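Below is one structure; the comments refer to it alone.
All of the numbers you see were taken from the coordinates with simple rules; none came from a lab. Cβ: placed from backbone, ideal geometry, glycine included. Neighbour counts: every protein chain shown.
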There are 2 protein chains.
Amino acid sequence: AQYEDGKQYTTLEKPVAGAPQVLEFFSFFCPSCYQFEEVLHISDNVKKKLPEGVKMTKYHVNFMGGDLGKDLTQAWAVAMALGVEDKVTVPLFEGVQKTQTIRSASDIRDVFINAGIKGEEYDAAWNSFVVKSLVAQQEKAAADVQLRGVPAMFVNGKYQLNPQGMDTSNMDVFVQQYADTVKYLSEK
Amino acid sequence: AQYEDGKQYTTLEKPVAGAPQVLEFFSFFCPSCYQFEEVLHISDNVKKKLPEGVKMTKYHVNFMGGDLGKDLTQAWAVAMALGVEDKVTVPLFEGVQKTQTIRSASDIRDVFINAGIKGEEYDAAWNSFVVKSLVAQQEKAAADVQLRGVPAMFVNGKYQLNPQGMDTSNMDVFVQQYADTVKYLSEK
């Protein structure tokens, strides 16, 4: 019809049971991810279009940035545990891609402290088993969908967005087209 | 200082004849390019240390920001043809990345009008043969060097700078090392 499998989205051959309603994967080393978040604001626009109740989950991946990539997945787990995602997302993206000042786990820590998190609070969470649990969950979710690239978004553990079938001349129209597709899929 | 191939710079397998003495590629969607321009002032520092009769060339690329990227490449050609680069560079970077007031082609025109350029003049230049030529030229240059990403700088169409092989600990030192590498290379 208007929304076609293979055009705006693709259907998973092996559906994932018990998957979050809307699952987004990204990496702070991922260029398009920087665009999606910083310039396009995909997540926020998708969120403002979702039905009442429907929860959105964002996970970081290990396959980019090698050593630092894994440090960032752990740092994201810390951000989730402390509920400070909205405070560190921008500084982390800019630190890795814009100023290129993030080079070790120590630099990641500086970002949280600069954002207002106390050192002892950060260190406690960083070493917590609650955080290790969150890291495992992130890895497990990527494994379930056989993730090979980011950014990526899955709806109801069955459909995956395909931004290739969309016009990019006007950013605003692209964002709404993307948001509308997620909405459509979440009711399907 | 000491310069060695593979470290501070790289030699091109296939040299590009007729290439400008110092060629720099960027994109208004590129975060580190924005940093290089507004904070580090990389280009100015390079110019300050260039020998007599050496001119710099800065070209915009298409592979970032979808179809808007193409329009920005044409707008850059307009800036070059009108000789207003120094008046619109920062406002375009901010418009795309910071204030996010540039979401389509129409928004770019406003940037020029606000800088003092008459609308009629912009529209006329936009469709000019000079501009269509400049656009083709920028695209070709990128193709000739098989540009994979930005920012990027090439010297005598033979050497390519490798910032990763440079001292990053101190930005002032980095900036000067980058500028000196350019001078060293231009002298051979």
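Within region A:129-167, restricting attention to residues that are under 15 Å from the mean Cα position of the chain (by Cα) and part of a strand (DSSP E or B), which residue is surrounded by the fewest Cβ atoms within 10 Å (Cβ to Cβ)?
Ranking the qualifying residues of region A:129-167, first place goes to A:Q160.
Would you confirm whether or not region B:1-19 contains a residue that is within 30 Å of B:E94 (Cβ to Cβ) and more than 12 Å from the chain's Cα centre (by Cα)?
Let us first name the residues in region B:1-19 that are within 30 Å of B:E94 (Cβ to Cβ), namely none.
No; the residues of region B:1-19 include none that is within 30 Å of B:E94 (Cβ to Cβ) and more than 12 Å from the chain's Cα centre (by Cα).
Can you name the number of the only condition in (1) surrounded by 22 or more Cβ atoms within 10 Å (Cβ to Cβ); (2) out of contact with any helix residue (DSSP H, G or I) (no Cβ under 6 Å at 6 or more places or on another chain) that A:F28 fails?
That leaves (2) as the condition not met.
Here are B:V111, B:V96: which of them is buried (at least 21 other Cβ atoms within 10 Å of the Cβ), under 21 Å from A:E37 (Cα atoms) and over 15 Å from the mean Cα position of the chain (by Cα)? Spell out the reasoning first.
Values: B:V111 fails: under 21 Å from A:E37 (Cα atoms).
Unique residue meeting the criteria: B:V96.
In region A:141-188, how many residues are among the hydroxyl-bearing types (S, T, Y) and away from chain B (no Cβ under 14 Å)? Write out each step before concluding.
Keep residues of region A:141-188 that are among the hydroxyl-bearing types (S, T, Y), which gives A:159, A:168-169, A:178, A:181, A:184, A:186.
Now narrow it down to the ones that are away from chain B (no Cβ under 14 Å): A:159, A:181, A:184, A:186.
Residues flagged as among the hydroxyl-bearing types (S, T, Y) and away from chain B (no Cβ under 14 Å) within region A:141-188 amount to 4.
Quick one: count up the residues across region A:3-45 that are within 15 Å of A:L161 (Cα to Cα), among the small types (G, A, S) and away from chain B (no Cβ under 14 Å).
2
Can you name the condition, by its number, that A:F28 falls short on among (1) hydrophobic (A, V, I, L, M, F, W, C); (2) over 30 Å from B:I102 (Cβ atoms); (3) in contact with a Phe, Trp or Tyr (Cβ under 8 Å, 6 or more places away or on another chain)?
Here A:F28 clears every test but (2).
For region B:12-39, name all the residues that are assigned to a helix (DSSP H, G or I) and not hydrophobic (A, V, I, L, M, F, W, C).
Listed by number, the residues that qualify are B:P31, B:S32, B:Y34, B:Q35, B:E37, B:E38.
Restricting region B:1-11 to residues that are touching a residue at least 60 places away in the same chain (Cβ under 8 Å) and part of a strand (DSSP E or B), which is surrounded by the fewest Cβ atoms within 10 Å (Cβ to Cβ)?
Top of the filtered list is B:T11.
Kindly establish whether A:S106 is within 14 Å of chain B (Cβ to nearest Cβ) and farther than 21 Å from B:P31 by Cα. Talk me through it step by step, then tell me what you get.
Numbers: within 14 Å of chain B (Cβ to nearest Cβ): yes; farther than 21 Å from B:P31 by Cα: yes.
It is true that A:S106 is within 14 Å of chain B (Cβ to nearest Cβ) and farther than 21 Å from B:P31 by Cα.
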